[PDB]
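>>> sharing an experimental structure here, sequence included.
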Amino acid sequence: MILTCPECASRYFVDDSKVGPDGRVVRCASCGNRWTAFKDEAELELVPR
Ligand SMILES: [Zn+2]
């Protein structure tokens, strides 16, 4: 999965295990900013995986 920094305005990637449907906090590698992230890669119903 990938997330965008509110400050760097740039994308950064992490494993899908780093976030769940309940959400999880993350940290920027470029400015140390922090915010809550959420999953969408498998949030849909009847998902095959
Ligand atoms: Zn940043």
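Arrived safely, thanks for sending. Numbers count the residues shown, from 1 in each chain.

>>> around the ion, pick out the residues from the protein.
5, 7, 8, 28, 30, 31, 33 (Cβ under 5 Å from the ion). (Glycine included, C-beta is placed from N, CA and C.)

>>> tell me the one of the residues you listed nearest residue 15?
residue 28 (16.5 Å; Cβ to Cβ).

>>> burial of the closest one, as a residue count?
17 (other Cβ atoms under 10 Å).

>>> quick check: closest non-adjacent residue to it.
Spatial nearest neighbour of residue 28, chain neighbours left out: residue 5 (4.8 Å); criterion: Cβ to Cβ, 6 or more residues apart in numbering.

>>> SS state for residue 17?
Following DSSP: H, G, I helix; E, B strand; the rest coil, we place residue 17 in the helix state.

>>> could you say which helix or strand contains residue 12?
Using DSSP states H and E, residue 12 sits in strand 11-13.

>>> that strand packs against which elements?
On a contact count with 3 or more Cβ pairs under 8 Å, 6 or more residues apart in numbering; DSSP states H and E, strand 11-13 meets strand 2-4.
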